[PDB]
């Protein structure tokens, strides 16, 4: 009667920490014969320890081997604690154990091979521990075993062939382990299996055909393994199957057409299974299928119209395949269809008007296809439309002017089509637009003032159209992050309100007609990493305020009329990789502060009025690699000696100056691939190391009479 209680005390000696109640109620009192009122304990009719339940206490220690002394133990619940150490093989001695839950601990080493002795054991939870080693075959010989959860351990080796011995096993979870080898054919003999989680392991070989012997199967996950061979699955069994996920394996063959047999299937997911061949017609037999994801395979052929018979279809993900043909009009028929993801395929023809008429579709992701046709006015009638990415297709015609009225557009990316006409004023009517991508079309006209109103726009890409006119003013509390307008006809001054968008990261205004001065307000943009104003009619000077943009990687103002001296305050853009001033009126001599930017790998200041000489400071620039272009500055002097320090410099254009000097210093550029010295007054011979390119590009030395030969 005291025996179990004494057993509990030895076990207690193995514990690092216990709740205060354990400290206070577990102890020998000459007036107490039994542990039955002790904190974690529940006793028998006969007053022996029936249950020991420590769950979700903070208990640290080991489970001592004395646990085997409790021959009346029914429930042992240690779940969710700090336990560590090995699981004792003497547990195989608790002859009455029904439930054994060791989950969510730090248990380590091997799973005991003695659990076989437990004739009454129903549920076994080992999940979320540090367990390791092989799985004992005896583990599937536990006679009454119903549920077994091994997930999240370091377990390794094969799924034991004895798995076929477990005729009571209902739910078996092995995921997130090191299990390797072939799935044993004997798995089909485990006849009760409902839920089978084999995913996230190291398994190889084929899905065994005997998986078709399990007629009580609901849930099968074999994904994230290394499996090959055909997927031989589907049969008159699998009428109970709700969920199938085979994703991330390398199969040889296609989607098995036999899946037509599994009438209850809710979700069919094989993403990246190296599947080739055709999408089977038989998939149209599935009335309950809410998810079909075949994406990232080698799938060919057309989409069967029969899929328009999957009445419950919610997600159809076909993306990243070789699929061809027209999108079946039958799909518009599905009134539960939320997301149609066709992108990155070979689809052609128009999107059938049925699909454009869907009041269920939120997301139409068709980009990177050969699709074409005109955008119908019906599109403006899809009330649930949120994301539409039609980019990289043959779509033509105007964008319907009402797009955005029956509101709630979030993302419009139409880039890279043949679209003509103006930009619709209503795209932001619902005040949800994050992404307006119209770039690379035939569009024209100005930017509607209403679009300027949309503060939710994060990414605005109009680049490469026939757009023209002035820019909108932008607001404080505008979300603009990425702006690219390059290659248009935009004119007028750069709006100063652009500096108010605190989250602005990237600005490309290049190849436009912008005039006037660069607004000093742009000094407010401290998240700006990239700025391209190049190729405009910009004039005046660079505001020193731009020194406040501390995040700048890339700054290109080239090809404008800018003048003045380069502000020395710019010594603080400590992230600058790229500086391009070429083709302007800049003066005040070549900037000295350049070495302060340790990150500068590209310096092209060509064709300005800088004057003076090449500074010796130019010689300590740590990272100069891609180009150094000083050409066309009326630079006078000789090549300063420090310049020979640039041993990472790949290209040098010094040409078209008044430099009168040796050319000797160039022996020191050890990485130089290309050089251009022309129309200079350099006296004396050519250095040795410029030969190979001197052989191929002799032109680069012209305008220097006094250059000699070796």
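Positions refer to the first chain, counted from 1.
Higher mean CA temperature factor between 170-178 and 332-340: 332-340, per the PDB entry. Judged by mean Cα B factor in the deposited record, 346-354 ranks above the other of 383-391 and 346-354. If you compare the C-alpha temperature factors of 50, 36, 663, 67 in the entry, 663 comes out highest. Out of 320, 109, 137, 378, the entry records its largest CA B-factor for 378.
Residue 607: CA B factor lies in the highest third for its chain, per the PDB record. Among the modelled residues of its chain, residue 596 has a C-alpha B-factor that falls in the highest third according to the deposited record. In this PDB entry, the Cα temperature factor of residue 639 sits in the top third of its chain's modelled residues, the highest group.
Per the PDB record, residue ranking by Cα B-factor puts residue 523 in the highest third of the chain. Ranked within its chain, residue 622 lands in the highest third, by CA B factor from the PDB record.
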